[PDB]
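Just one chain is shown here, as structure tokens, and it is the form deposited in one PDB entry.
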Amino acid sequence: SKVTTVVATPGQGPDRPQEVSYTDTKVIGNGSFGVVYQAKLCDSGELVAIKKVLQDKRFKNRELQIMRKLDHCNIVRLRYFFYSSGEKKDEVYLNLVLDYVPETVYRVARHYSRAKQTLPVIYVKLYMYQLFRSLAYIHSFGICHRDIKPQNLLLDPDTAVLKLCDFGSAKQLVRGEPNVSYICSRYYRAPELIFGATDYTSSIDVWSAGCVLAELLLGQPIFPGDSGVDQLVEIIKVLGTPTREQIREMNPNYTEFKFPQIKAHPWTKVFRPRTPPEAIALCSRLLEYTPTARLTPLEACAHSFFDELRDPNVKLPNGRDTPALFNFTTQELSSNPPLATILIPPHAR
């Protein structure tokens, strides 16, 4: 079988190039700048995914810069990077060699939805909690992902380990420096992005996380639509018409537009009757118009919906140990350093 070698730099650690050999390459998806490959590292047998992005001559690649700085059990790990030619003539491509994870939250959710079954609530708790940890960690550096959606939540279904991936839109937000509004994918965009705001904060990720939670509870996206106006109608049907004060907090250029006049649908009627009330209560504090009224990621981790995860005897339904849930660092806890009394339960200290 064909072995390929390349000179590549480790994603973490010494800025020191190494010979890297890999084999068994195969196409597993497509990217903006070429197909995505699986490969097997010859030295360890470990599976990686290799994706290509365009190298700009003018400035360092932001995704690589961010991914060299991150080290967290719920974020996909950058193993190596190297440059190559690619699909388009004359271009130089950055190749990111990431630890391979075989499934996503989206695949598991569609598997249950197609079967007209609800994802067991223990998995909803595990997946959302790990998502909020990954957000707490990146937000503690000032980094907003800007493209949270179920397809970017890699999943090992047997261990329930979740890893956030795709940092191609991620940015360190700086108050007073504008940001493009056109990030974040259909169905998951916060209303301030639908309105074209350039002055938003990392709370756009919490809105998107709320959309993922609601989708796991409902079995379908909560705010679908192919245009912003169709998405907004679905938002208003649930949250009710935003007030002028709320619109000023999202994008004050929009305060005087004539929005559909709709009373909020009660949150208890949004979801099916047997939906756990704490899940509805959490969703109601994530899907809020006023961006500063949304929970922060660490506050969401400490929400009572996640209390079952903090029980000394909780197990996966397949009998396994839960994955790592309490290895918080100072960095990850820093937005509220005295928090933890909830987050690290007694048996984890």
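Note that residue numbering follows the sequence shown and begins at 1. The term rigid core refers to the most C-alpha atoms you can superpose between the two forms while keeping them within 1.5 Å.
Omitted here: the form deposited in another entry. The next part is about that form.
When the two forms are superposed on their rigid core between this form and the one not shown, the C-alpha shift of 2 Å or more among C42, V35, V314, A324 belongs solely to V35.
Distance between the C-alpha atoms of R79 and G31: longer in the other form than here (change of 3 Å or more). The pair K57 and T198 separates in the other form: their C-alpha atoms are at least 3 Å more distant from each other than in the form depicted.
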